[PDB]
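Trainee: The following block contains the structure, expressed as structure tokens.
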Amino acid sequence: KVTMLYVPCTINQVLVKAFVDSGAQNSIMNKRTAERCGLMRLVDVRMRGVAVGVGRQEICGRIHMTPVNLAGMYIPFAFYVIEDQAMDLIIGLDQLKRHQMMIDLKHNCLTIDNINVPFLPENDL
Amino acid sequence: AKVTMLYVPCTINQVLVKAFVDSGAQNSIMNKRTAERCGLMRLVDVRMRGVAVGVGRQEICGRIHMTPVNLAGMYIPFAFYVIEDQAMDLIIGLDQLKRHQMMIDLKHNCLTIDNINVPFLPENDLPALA
């Protein structure tokens with residue numbers, strides 16, 4: 001078995017191990033990490049309360065923009081916040097395309113422009 | 001906006017198939033219909049039927065330990081599970097993305113393996129290739 005794709009980044013200087021998933025239409029951060037980072041009233045509540053997706057999972061709202069630090073590179077980031085999502089942050093196919101990112105597995109990093117951000121080892125779950 | 005999801009075309013035993021490129025999927029998986037369509041049932045080892053390794057309720061028809069897949073004009077050895085009713089013909093997971101040291105280049109919209117880039121299929125190509 002292989003280690004899934006995780007990358008380290010600070011969000012308002014709060015380190016998050018983001019899970020990079022090219023099979024996700026949307027980028028998403030759970031409420032617990034949204035609480036830890038400090039972004040709980042930047043939310044644009046347009047999908048809360050009666051979330052029309054018929055699940056248990058409630059959508060807190062939508063952070064339109066907050067800066068993310070990938071090894072010194074600062075990027076405008078956008079994503080959804082959900083209450084009972086088990087992972088800190090999802091880097092969706094949206095952000096992966098918008099910032100024209102490259103999932104490199106021969107060199108094993110997420111390459112953005114000239115900034116290579118290695119993937120985390122197995123000892124880091 | 002909702003972005004196009006990532007698919008590449010390829011062939012297994014002369015037969016044309018489109019493959020979903022999922023960096024969050026730990027396993028490569030092919031539906032029963034496709035392997036039947038590609039003549040791969042005889043290769044399906046049925047010793048591991050009824051197991052589940054994933055998140056979901058996963059119940060496989062078996063595992064294909066090696067089949068040649070012509071991706072990027074190169075013959076590339078794949079291994080994947082076979083599961084009867086899966087919406088998607090073929091999923092390229094993180095096992096094979098890593099096994100063949102692939103590159104998912106969303107700047108120039110292509111899948112790079114060796115010196116060859118397969119461009120991701122355009123949105124209007126997805127729901128017509130079988």
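Chain labels run A, B, ... following the order of the structure tokens; each chain numbers its residues from 1, and ligands are numbered from 1 in the order shown.
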As JSON, numbers by chain, please: every residue in stretch 56-109 of chain A that a backbone DSSP assignment puts in strand (DSSP E or B).
Mentor: {"A": [59, 60, 61, 62, 63, 64, 65, 66, 67, 68, 69, 70, 73, 74, 75, 76, 77, 78, 79, 80, 81, 82, 89, 90, 91, 102, 103, 104, 109]}
Trainee: If you count only C-alpha atoms, which residues fall within 6 Å of residue B:22, apart from same-chain ones fewer than 4 positions away, as a PyMOL selection string?
Mentor: (chain A and resi 22-23) or (chain B and resi 93)
Trainee: Residues of chain A within 10 Å of chain B, using only C-alpha atoms, as a VMD selection string?
Mentor: chain A and resid 1 to 6 19 to 26 90 92 to 94 96 to 113
Trainee: Residues as selected, N, CA, C and O atoms, written as a compact mmCIF listing (two decimals), in the first residue's frame, can you do that?
Mentor:
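Printed below is out.txt as written:
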```txt
# COMPACT_ATOMS: atom_id res chain seq x y z
N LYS A 1 0.83 -1.27 0.00
CA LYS A 1 0.00 0.00 0.00
C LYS A 1 0.84 1.28 0.00
O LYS A 1 2.00 1.30 0.49
N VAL A 2 0.29 2.35 -0.57
CA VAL A 2 1.07 3.57 -0.75
C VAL A 2 0.44 4.66 0.04
O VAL A 2 -0.74 4.60 0.38
N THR A 3 1.29 5.63 0.36
CA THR A 3 0.89 6.82 1.02
C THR A 3 0.09 7.78 0.05
O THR A 3 0.53 8.06 -1.09
N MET A 4 -1.05 8.27 0.54
CA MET A 4 -1.82 9.22 -0.21
C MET A 4 -1.12 10.55 -0.23
O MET A 4 -0.15 10.74 0.45
N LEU A 5 -1.58 11.41 -1.10
CA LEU A 5 -0.97 12.70 -1.34
C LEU A 5 -1.31 13.72 -0.27
O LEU A 5 -2.44 14.14 -0.20
N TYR A 6 -0.36 14.09 0.58
CA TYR A 6 -0.52 15.17 1.54
C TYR A 6 0.61 16.19 1.42
O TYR A 6 1.77 15.85 1.19
N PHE A 19 -4.77 17.27 1.90
CA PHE A 19 -4.86 16.08 1.08
C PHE A 19 -5.20 16.45 -0.34
O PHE A 19 -6.24 17.04 -0.60
N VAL A 20 -4.33 16.10 -1.26
CA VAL A 20 -4.45 16.47 -2.65
C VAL A 20 -5.14 15.33 -3.39
O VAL A 20 -4.64 14.22 -3.47
N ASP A 21 -6.32 15.64 -3.92
CA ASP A 21 -7.19 14.71 -4.56
C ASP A 21 -7.71 15.31 -5.85
O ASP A 21 -8.61 16.16 -5.81
N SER A 22 -7.19 14.82 -6.97
CA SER A 22 -7.60 15.22 -8.30
C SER A 22 -8.94 14.65 -8.73
O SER A 22 -9.42 14.97 -9.83
N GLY A 23 -9.55 13.81 -7.89
CA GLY A 23 -10.86 13.26 -8.19
C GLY A 23 -11.95 13.96 -7.45
O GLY A 23 -13.06 13.49 -7.45
N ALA A 24 -11.67 15.11 -6.83
CA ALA A 24 -12.64 15.88 -6.09
C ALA A 24 -12.94 17.12 -6.90
O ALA A 24 -12.01 17.90 -7.23
N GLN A 25 -14.22 17.34 -7.18
CA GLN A 25 -14.65 18.52 -7.91
C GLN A 25 -14.37 19.75 -7.10
O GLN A 25 -13.91 20.72 -7.64
N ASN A 26 -14.50 19.68 -5.78
CA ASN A 26 -14.35 20.88 -4.93
C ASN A 26 -13.27 20.77 -3.87
O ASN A 26 -13.08 19.75 -3.33
N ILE A 90 -9.04 19.52 1.80
CA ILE A 90 -9.02 18.94 0.46
C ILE A 90 -8.59 20.00 -0.55
O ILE A 90 -9.11 21.11 -0.57
N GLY A 92 -9.00 20.32 -4.06
CA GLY A 92 -9.81 19.87 -5.16
C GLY A 92 -9.23 20.09 -6.52
O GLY A 92 -8.21 20.74 -6.68
N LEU A 93 -9.87 19.50 -7.51
CA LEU A 93 -9.51 19.75 -8.90
C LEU A 93 -9.70 21.21 -9.36
O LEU A 93 -9.10 21.64 -10.37
N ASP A 94 -10.55 21.96 -8.67
CA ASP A 94 -10.69 23.36 -8.93
C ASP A 94 -9.42 24.15 -8.74
O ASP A 94 -8.98 24.82 -9.70
N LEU A 96 -6.47 22.95 -8.09
CA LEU A 96 -5.39 22.29 -8.81
C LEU A 96 -5.33 22.75 -10.26
O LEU A 96 -4.26 22.86 -10.83
N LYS A 97 -6.47 23.09 -10.85
CA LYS A 97 -6.50 23.65 -12.21
C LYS A 97 -6.29 25.20 -12.16
O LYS A 97 -5.53 25.75 -12.93
N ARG A 98 -6.96 25.90 -11.26
CA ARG A 98 -6.91 27.35 -11.27
C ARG A 98 -5.47 27.86 -11.11
O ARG A 98 -5.01 28.72 -11.84
N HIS A 99 -4.73 27.28 -10.17
CA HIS A 99 -3.30 27.62 -9.99
C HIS A 99 -2.38 26.82 -10.87
O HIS A 99 -1.18 26.83 -10.68
N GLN A 100 -2.92 26.15 -11.87
CA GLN A 100 -2.16 25.33 -12.81
C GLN A 100 -1.08 24.48 -12.09
O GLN A 100 0.13 24.58 -12.37
N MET A 101 -1.53 23.66 -11.14
CA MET A 101 -0.60 22.87 -10.34
C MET A 101 -0.26 21.58 -11.00
O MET A 101 -1.00 21.15 -11.87
N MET A 102 0.89 21.01 -10.63
CA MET A 102 1.34 19.77 -11.23
C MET A 102 1.62 18.73 -10.15
O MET A 102 2.49 18.88 -9.33
N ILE A 103 0.84 17.64 -10.20
CA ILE A 103 1.01 16.57 -9.27
C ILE A 103 2.13 15.76 -9.84
O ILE A 103 1.95 15.03 -10.81
N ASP A 104 3.32 15.91 -9.28
CA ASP A 104 4.49 15.15 -9.74
C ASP A 104 4.71 13.96 -8.83
O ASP A 104 4.86 14.10 -7.65
N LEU A 105 4.70 12.77 -9.39
CA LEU A 105 5.06 11.55 -8.68
C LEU A 105 6.34 10.85 -9.16
O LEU A 105 6.78 9.87 -8.51
N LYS A 106 6.96 11.31 -10.24
CA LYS A 106 8.34 10.83 -10.52
C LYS A 106 9.35 11.49 -9.62
O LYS A 106 10.22 10.79 -9.06
N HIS A 107 9.21 12.81 -9.46
CA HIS A 107 9.97 13.60 -8.50
C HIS A 107 9.28 13.74 -7.16
O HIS A 107 9.87 14.26 -6.24
N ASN A 108 8.01 13.35 -7.06
CA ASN A 108 7.30 13.27 -5.78
C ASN A 108 7.23 14.68 -5.11
O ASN A 108 7.88 14.98 -4.10
N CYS A 109 6.44 15.55 -5.72
CA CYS A 109 6.10 16.85 -5.13
C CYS A 109 4.89 17.43 -5.86
O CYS A 109 4.53 16.97 -6.96
N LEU A 110 4.31 18.45 -5.26
CA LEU A 110 3.34 19.31 -5.93
C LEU A 110 4.03 20.56 -6.41
O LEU A 110 4.42 21.45 -5.61
N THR A 111 4.21 20.66 -7.73
CA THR A 111 5.00 21.73 -8.34
C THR A 111 4.05 22.84 -8.79
O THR A 111 3.13 22.66 -9.62
N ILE A 112 4.29 24.04 -8.26
CA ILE A 112 3.50 25.24 -8.61
C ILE A 112 4.57 26.21 -9.07
O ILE A 112 5.44 26.60 -8.28
N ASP A 113 4.51 26.58 -10.35
CA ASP A 113 5.46 27.45 -10.99
C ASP A 113 6.85 26.81 -10.81
O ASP A 113 7.10 25.67 -11.20
```
Trainee: Could you tell me, as a list in words, which residues of chain B DSSP assigns to alpha helix (DSSP H) when given the backbone?
Mentor: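 Taking chain B and keeping alpha helix (DSSP H) gives residues 32, 33, 34, 35, 36, 37, 94, 95, 96, 97, 98 and 99 of chain B.
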Trainee: Just C-alpha atoms for this one: save the residues we selected as an mmCIF file, in the first residue's frame.
Mentor:
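The resulting file, out.cif, is shown below:
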```cif
data_model
loop_
_atom_site.group_PDB
_atom_site.id
_atom_site.type_symbol
_atom_site.label_atom_id
_atom_site.label_comp_id
_atom_site.auth_asym_id
_atom_site.auth_seq_id
_atom_site.Cartn_x
_atom_site.Cartn_y
_atom_site.Cartn_z
ATOM 1 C CA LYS B 32 -16.890 -5.994 -14.903
ATOM 2 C CA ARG B 33 -18.397 -4.753 -18.136
ATOM 3 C CA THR B 34 -15.107 -3.264 -19.332
ATOM 4 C CA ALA B 35 -12.938 -6.266 -18.576
ATOM 5 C CA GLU B 36 -15.593 -8.393 -20.267
ATOM 6 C CA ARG B 37 -15.488 -5.889 -23.136
ATOM 7 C CA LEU B 94 -2.508 6.534 -6.914
ATOM 8 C CA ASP B 95 -0.960 3.035 -7.090
ATOM 9 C CA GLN B 96 -0.454 3.195 -10.898
ATOM 10 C CA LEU B 97 0.183 6.971 -10.924
ATOM 11 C CA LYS B 98 3.025 6.174 -8.545
ATOM 12 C CA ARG B 99 4.066 2.850 -10.045
#
```
Trainee: So that I can check the surroundings of residue A:72, please list as a list in words every protein, DNA and RNA residue that reaches within 9 Å of it, counting only C-alpha atoms and ignoring chain neighbours fewer than 3 positions away.
Mentor: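 Counting only C-alpha atoms, the residues come to residues 9, 69 and 115 of chain A.
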Trainee: Could the residues in this selection be saved with C-alpha atoms as a compact mmCIF listing (two decimals), in the first residue's frame?
Mentor:
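Final output, out-v6.txt:
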```txt
# COMPACT_ATOMS: atom_id res chain seq x y z
CA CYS A 9 0.95 24.48 4.25
CA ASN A 69 1.41 29.21 2.04
CA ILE A 115 8.01 26.00 -6.24
```
Trainee: Kindly provide the residues of stretch 70-107 of chain A that approach stretch 44-59 of chain A to within 7 Å, each paired with its closest atom pair and their distance in Å to one decimal, based on only C-alpha atoms, listed by chain and increasing number, as a tab-separated table.
Mentor:
```
residue	atom	partner	partner_atom	distance
A:81	CA	A:59	CA	6.0
A:82	CA	A:59	CA	4.5
A:83	CA	A:58	CA	5.8
A:84	CA	A:57	CA	5.9
```
Trainee: Pick out the residues sitting within 10 Å of residue B:88, and hand them over as an NGL selection string; count only C-alpha atoms, and ignore anything fewer than 5 positions along from it in its own chain.
Mentor: :B and (18-20 or 29-31 or 34)
Trainee: I need the residues from that last selection saved to file as a PDB file, in the first residue's frame (with N, CA, C and O atoms), if you can.
Mentor:
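Output file selection-v8.pdb is given in full below:
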```
ATOM      1  N   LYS B  18     -11.839   4.830 -21.820  1.00  0.00           N
ATOM      2  CA  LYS B  18     -11.455   6.024 -21.137  1.00  0.00           C
ATOM      3  C   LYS B  18     -11.266   5.775 -19.632  1.00  0.00           C
ATOM      4  O   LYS B  18     -12.004   5.002 -19.030  1.00  0.00           O
ATOM      5  N   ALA B  19     -10.245   6.414 -19.066  1.00  0.00           N
ATOM      6  CA  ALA B  19      -9.768   6.120 -17.716  1.00  0.00           C
ATOM      7  C   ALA B  19      -9.797   7.394 -16.883  1.00  0.00           C
ATOM      8  O   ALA B  19      -9.230   8.386 -17.279  1.00  0.00           O
ATOM      9  N   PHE B  20     -10.438   7.329 -15.734  1.00  0.00           N
ATOM     10  CA  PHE B  20     -10.453   8.427 -14.740  1.00  0.00           C
ATOM     11  C   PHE B  20      -9.183   8.505 -13.903  1.00  0.00           C
ATOM     12  O   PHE B  20      -8.760   7.484 -13.392  1.00  0.00           O
ATOM     13  N   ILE B  29      -9.284   0.401 -10.302  1.00  0.00           N
ATOM     14  CA  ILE B  29     -10.449  -0.459 -10.368  1.00  0.00           C
ATOM     15  C   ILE B  29     -11.091  -0.321 -11.726  1.00  0.00           C
ATOM     16  O   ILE B  29     -11.166   0.763 -12.256  1.00  0.00           O
ATOM     17  N   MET B  30     -11.505  -1.450 -12.289  1.00  0.00           N
ATOM     18  CA  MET B  30     -12.164  -1.565 -13.558  1.00  0.00           C
ATOM     19  C   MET B  30     -13.494  -2.257 -13.381  1.00  0.00           C
ATOM     20  O   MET B  30     -13.571  -3.259 -12.634  1.00  0.00           O
ATOM     21  N   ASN B  31     -14.519  -1.806 -14.098  1.00  0.00           N
ATOM     22  CA  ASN B  31     -15.835  -2.453 -13.936  1.00  0.00           C
ATOM     23  C   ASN B  31     -15.871  -3.772 -14.671  1.00  0.00           C
ATOM     24  O   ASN B  31     -15.061  -4.003 -15.544  1.00  0.00           O
ATOM     25  N   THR B  34     -16.277  -3.659 -18.515  1.00  0.00           N
ATOM     26  CA  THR B  34     -15.107  -3.264 -19.332  1.00  0.00           C
ATOM     27  C   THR B  34     -14.156  -4.431 -19.550  1.00  0.00           C
ATOM     28  O   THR B  34     -13.724  -4.706 -20.690  1.00  0.00           O
TER      29      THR B  34
END
```
